[PDB]
Amino acid sequence: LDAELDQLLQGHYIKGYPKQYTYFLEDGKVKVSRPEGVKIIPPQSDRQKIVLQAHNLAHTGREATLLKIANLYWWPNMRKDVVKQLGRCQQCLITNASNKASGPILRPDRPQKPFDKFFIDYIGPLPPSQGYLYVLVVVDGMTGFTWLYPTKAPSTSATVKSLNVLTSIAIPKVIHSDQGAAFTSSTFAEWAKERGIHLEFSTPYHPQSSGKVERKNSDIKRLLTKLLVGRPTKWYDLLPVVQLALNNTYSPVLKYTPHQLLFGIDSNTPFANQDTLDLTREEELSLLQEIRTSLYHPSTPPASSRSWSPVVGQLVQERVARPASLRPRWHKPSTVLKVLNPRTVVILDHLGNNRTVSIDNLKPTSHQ
Amino acid sequence: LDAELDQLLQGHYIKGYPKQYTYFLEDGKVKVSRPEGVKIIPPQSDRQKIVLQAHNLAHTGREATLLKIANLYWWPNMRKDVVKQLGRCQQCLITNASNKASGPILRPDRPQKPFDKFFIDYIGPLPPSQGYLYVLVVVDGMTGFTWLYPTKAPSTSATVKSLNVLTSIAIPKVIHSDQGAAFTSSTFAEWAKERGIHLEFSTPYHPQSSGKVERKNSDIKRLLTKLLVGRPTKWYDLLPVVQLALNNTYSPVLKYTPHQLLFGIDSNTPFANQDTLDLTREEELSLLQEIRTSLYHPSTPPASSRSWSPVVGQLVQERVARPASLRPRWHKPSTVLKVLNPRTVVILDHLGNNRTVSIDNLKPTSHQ
Amino acid sequence: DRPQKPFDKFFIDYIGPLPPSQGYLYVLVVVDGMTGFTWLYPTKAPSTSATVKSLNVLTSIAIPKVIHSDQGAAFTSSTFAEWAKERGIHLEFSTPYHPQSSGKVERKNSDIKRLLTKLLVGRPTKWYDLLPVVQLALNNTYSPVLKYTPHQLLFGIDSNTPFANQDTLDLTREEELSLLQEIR
Amino acid sequence: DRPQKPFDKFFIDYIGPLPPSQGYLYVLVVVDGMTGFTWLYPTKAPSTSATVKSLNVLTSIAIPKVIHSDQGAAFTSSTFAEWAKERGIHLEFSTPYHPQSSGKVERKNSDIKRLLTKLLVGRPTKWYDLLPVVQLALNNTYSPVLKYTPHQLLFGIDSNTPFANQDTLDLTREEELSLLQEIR
DNA sequence: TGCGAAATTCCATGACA
DNA sequence: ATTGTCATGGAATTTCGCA
DNA sequence: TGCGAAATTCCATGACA
DNA sequence: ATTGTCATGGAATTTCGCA
Ligand SMILES: [Mn+2]
Ligand SMILES: [Mn+2]
Ligand SMILES: [Mn+2]
Ligand SMILES: [Mn+2]
Ligand SMILES: [Mn+2]
Ligand SMILES: [Mn+2]
Ligand SMILES: [N+]
Ligand SMILES: [N+]
Ligand SMILES: [Zn+2]
Ligand SMILES: [Zn+2]
């Protein structure tokens, strides 16, 4: 402030202020002659106010704020003071975008057996067909084998009615879904506990987590579209055909159809594979056990050159789910309690609740 | 057919059918013993039907269709027949996605002078503020200098009222816009012809083409959001502040504000730059002429490893604009009449109309 | 001859009429010959159309080469024949009054009839909801001849619902007296 | 002393009352001192509030260091003073009855008054729509003293609307007789 | 122990949300 | 308390048919 | 004719549609 | 008949202050 700046005018050396420049008084203010020109040196006690006034013109980041300040002022390590303010500006912190990418995706292991894990999800609404608007899709994680049910709503009740029909065949250890209303209800929880089925939920607003079934929705819609070209969109009667068609389609990378992965033998459908005609069922089941274990498994891709990975105690911000018009896209900063895996964390949302959250819905808070 | 297959059973050599394998008759059909197993060799006259039946089960692509066929059959160069059918299947051609990326973007030259080119566009609708729902944004291409007008609708009439006010200052050579209803109307055309202003339109559904103003919309909304944190979204009264705030904000890559680029001198706003205080206006205008010409210009980025560039006479497909539920995302194939530049083409949309179109809304038709 | 396989042959039959349950009166019974795996479908009638409606569900999961049945009206109609011809399914009928299936299939049908009657008592009307659990029981029941359950043979794995308590299946004293009371 | 610059000083004044045009009666006139660049704003009254409303538009494009005006009520009110103080604009008044601006500014105001009267005749009522073109004319008019137009000095480029036909600006015989007819 | 063509495998691209 | 996926069709690489 | 720190420049990321 | 753009904040690179 006035103390530090005084020792300077008399020509003695202060750390930070280079000695090779000449500092004078003029118009009631301490000045300095620098290559770019003559700038005012404000007292340390004035500096926060200045950085703030410059930042507030358009809520600019580091350089654009600096460039305003440097028009009139100089002092040691200006950017350090600029960055101090950016790190405390609520409005910038919750409105600006991130410029760091998420770390590279995980490729979770394929479930070892059929019925180990189901992925479920709704498609729709669709143009009304026989009063129906939605399709429940259930995908067996190991095999890809998929079941389709038309419904009038994406409700718990319609979910239960269809799953009662499907579980006639077999009960799965785990059913994975997103946090849709149909799956998080207490009625659906009872229905699963009643049966020894464990419910697994995706982190919220992260359909990549239900990727197995989302991806199957693409094939379902794509085949439905093709079959409906130049006809009215009467899809109800085609669900059964599409289900059969997709369950018997080869995956080029696997060289197997999901039907084959589930049963180890084609049924009476066109172009049935005949290679195991001379094996006994038991020999067939033994070759299927071997086929199941040696399926191609993708590996985690390279990190992008500017990614971040979460660290316990880091300040991070959760993306606002359905942000209103002209409202921030980010929540206030919160703290990483636990790193479940490099792509998943528990945060204290500073209310404070524990939330389990994908890093894709997180940015690391800027300026520490 | 029956002719070609006969010469084979008697043991003479036909081109395509390897001589080292043994071909026999059984159950009324020509067969062959191959490493994988014994397959039927259909007569050439049966083959189209077979490929078709296999493809039609789930409208599968090359390998997945092949794998069905190879379960029962063998013949020379099967994939060639598979690919022949895929290239003729309307339903696959108009529903499947592309797997080739667009060629690398162009970085058009920055307009040489202020007023050479304006980019205009609407933001909204926004939460009602004083009865207003939209903002007209006008961005000078050379300087970035931006004008903002609140409107009740994105109409021609409101466009004209605001541009009459703006053109009080200066008339631009060119006004670039997208194909919005407000800009393509005959009333707006008359209004521009009346003034010696040339209208330039983006290719349809390609806002990257209005990138200059789209990008400015981001800053406008971002600053509006910050200023409205924890207050009701009363944005009308802030347009003037935001306009001033952004026109006087530095671009870090340029080291200039748009105001500076337009006038070569700051006005009475906070942190006004003072470097040209000792120059005459004329000296100032001469330094500005030099500053304008030496601004950083970005270069075209590297092509991605699997891109396509349009070639005259190529079959290509335009993306359907607003495709209905369960309907194809692509139009029927059409022909490239002219390559305007590597990212822009004229196609005969086989009705046939001439359309000028971005390659981002095109895929190259598959299987030639 | 080639070894027997799942989907080689489905054995179908109707059971009923039963007491009404949520509007349903019959059960179409489908048993895979090689595995002994059972599917059950509630119907309102033993008609061709109820059969087609139910088999359309099953045949969206897996198609048999041959369907075997007695000469019930539902299975001998020309509609049902047209249906099978359309799916490349060969039909096969036992000669009238002489039902022949196979030992494994015969025993399974006995189990089904007996297991149904067991729980159809005390709750003659709530069997619709019980069809799922009935099937799981039937399909996770050990086969004396083979070392394996139908589930194991169909899918090649253990199931998450083994029915370890191989049950009585006979009618207790209270059930005999209240089956004689309901059938009064 | 440092050379004169655009935005150093804006000279403002009211012209009117005029005949009604789309509800407007006056013109606030703003002339930049260094460049001679003119902005015009239609108002309904020569009041502080009409002045503030108009200057708010202009001061969203560029802010002057000093505003100069006569001692009109609109400019001497304490509201207008509060307004300028808020924007760091110093106010400057000519002494009453002695309007002083500058040679360049004086001539410009003469041009404005004369150019207005010229087209305000035959169409005394349609001037609202003409304000844009009036300004373009005024701003792309060559300055005898300087080699440059206000447009050129403000923006440092030629404009796309040069007014090459430096016009008569005087009233023809038909206009004098019909200005004497309108003012009857 | 090598060549030309065919077959198979690789893998970026995009779409499911 | 959890986690992306995989059909697609040109290109790159491997295998086949033959000497 | 070189060192440590500060300043400046680079540039991937994402959001406007 | 046309065509992406540029604020942002860590990291990489250059410059500054001093001997
Ligand atoms: Mn969902
Ligand atoms: Mn638009
Ligand atoms: Mn019977
Ligand atoms: Mn006056
Ligand atoms: Mn979904
Ligand atoms: Mn837009
Ligand atoms: N895993
Ligand atoms: N260009
Ligand atoms: Zn801020
Ligand atoms: Zn097809």
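All values below were derived from every heavy atom in this structure, side-chain atoms included, with hydrogens, water molecules and symmetry-related copies excluded. In the text below, chain A, chain B and the rest are named by the order of the sequence lines, each starting its count at 1.
- In this model, no donor atom of one side chain and acceptor atom of the other lie less than 3.5 Å apart for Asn361(A) and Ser358(A).
- For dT13(G), the sugar pucker falls south, since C1'-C2'-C3'-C4' comes out negative.
- Donor-acceptor pairing under 3.5 Å, judged by distance alone, is present between the side chain of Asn341(B) and the base of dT2(H).
- In this entry the distance linking CG of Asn96(B) with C1' of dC6(F) reads 13 Å, nearest Å.
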Enumerate all atom pairs, one protein N or O and one N or O from nucleotides 2-7 of chain G, separated by less than 3.5 Å.
unit_1	atom_1	unit_2	atom_2	d
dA6(G)	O5'	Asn77(A)	OD1	3.1

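- Contact annotation: side chain of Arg215(A) to base of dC16(E), donor-acceptor pair absent below 3.5 Å.
- Here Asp360(A) pairs with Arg343(A) in a salt bridge; the nearest charged N to carboxylate O distance falls below 4.0 Å.
- Not a single donor-acceptor contact under 3.5 angstrom links the side-chain atoms of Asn99(B) to the base of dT13(E).
- The same atom, P, is picked in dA7(H) and in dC11(E); the two are 39 Å apart, to the nearest Å.
- In DNA chain H, the stems built from three or more successive Watson-Crick or G-U pairs (distances below 3.5 Å) are G:1-16 with H:4-19.
- Contact of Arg62(B) with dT9(E) (side chain to base): a donor-acceptor pair of N or O atoms is detected under 3.5 Å.
- A donor-acceptor pair shorter than 3.5 Å can be found between the side chains of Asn96(A) and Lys226(B).
- At a cut-off of 3.5 angstrom, the base of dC11(G) holds at least one donor-acceptor pair with the side chain of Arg306(A).
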